[PDB]
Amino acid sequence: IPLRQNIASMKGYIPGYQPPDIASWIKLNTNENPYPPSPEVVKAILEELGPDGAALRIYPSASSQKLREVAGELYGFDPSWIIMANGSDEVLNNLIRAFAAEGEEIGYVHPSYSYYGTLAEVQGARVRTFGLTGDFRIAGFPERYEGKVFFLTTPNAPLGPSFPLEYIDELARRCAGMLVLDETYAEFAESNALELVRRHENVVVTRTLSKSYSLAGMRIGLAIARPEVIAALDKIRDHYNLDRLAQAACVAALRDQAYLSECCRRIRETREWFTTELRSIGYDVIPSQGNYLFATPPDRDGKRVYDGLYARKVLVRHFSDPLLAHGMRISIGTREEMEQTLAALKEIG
């Protein structure tokens, strides 16, 4: 039978290419953490699983309230300002379902997370994108944006820069609707915008454990917003959105801030070292606040270099988007992996 027209017409999300066999590869294409999650996460999962996995026959916590209390203490927010999710894509999706009816508009920055658009298409919401200027400010933003939701990836991926808090504050005041600050990479930056959730009423911040907590293999994320917004999101989400092992992992991960800090320290160290090394062989590198770098070879032939890396079993991300085709987004792996990647880049020339 007939699907909704928009569902029939839309094209599914197109991820970056990745070969099925990646065992013998240095994988730097999806911004995954180079280090394992906290040893406390492993213990927590094993302890929840038990000797025969009997605990898995019982439904998990629908509320994930214990996760909200731990997250609440970490960020300094009452638990009613927090909601857990099976990865942050879930909250992005539900924010659209909560605020944008079919036909209404949502917006975001080009380039950023193209999936914001895919989610809009499923809802039937219209999409409007805005580009960035040389000094990384939104170009052509109206006096007042009337879209129902605006998604700002901050720090911005794939480019890397963060937006000054005062500038995001301005954007919040100019948005008639909701401003969603996607802070997927904020743990790698020198600052974040959590304070804006308190300063305004239309600001929402999303976080995920996929990048900074080395749990991309698990789907754990959250959103921080005014209680009224969280209340609406709680009615929309599936009553059971996080399994028992994910809940055990989440609490352990958030509690081990020492490990998180050490991992982020090491990644930032490698990021800055690699930035200088790339520039030493003629590459243009955008200063980054995330766990990746957008680099452009001297000849601006990003695909040529991507092919050279692929031939050497090094996988990075290359965008066909004309705006980004000149370079590539390289995730920051272990220092050893980046030394090998640099060696390959030198051979490629």
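From 1 onward, residues are counted along the sequence shown.
Q: Please compare 8-16 with 329-337 and say which has the higher mean C-alpha temperature factor in the record.
A: Looking at the record's C-alpha B-factors, the answer is 8-16.
Q: Could you settle it for me: does 249-257 or 125-133 have the higher average Cα B factor in the PDB entry?
A: Looking at the recorded C-alpha B-factors, 125-133 comes out higher on average.
Q: According to the deposited entry, which of 268, 237, 211, 97 has the largest Cα B-factor?
A: In this record, 237 carries the highest C-alpha B-factor of the candidates.
Q: Out of 76, 103, 79, 107, which residue has the highest Cα temperature factor in the PDB record?
A: Top of the list by C-alpha B-factor: 103.
Q: Using the B-factor values recorded in the entry, state whether the Cα atom of residue 348 falls in the lowest, middle or highest third among the modelled residues of its chain.
A: Highest third - that is where residue 348 ends up once the chain's C-alpha B-factors are sorted.
Q: Among the chain's modelled residues, which third holds the C-alpha B-factor of residue 182?
A: Answer is lowest: the recorded C-alpha B-factor places it there.
Q: Consider only the C-alpha atoms of the modelled residues in this chain, order them by B-factor as the entry records it, and name the third containing residue 141: lowest, middle or highest.
A: Highest third, going by the recorded CA B-factors of the chain.
Q: Where does residue 307 sit by CA temperature factor within its chain: lowest, middle or highest third?
A: CA B-factor rank for residue 307: middle third.
Q: Thinking about Cα B factors across the chain, which third does residue 60 belong to?
A: Highest third.
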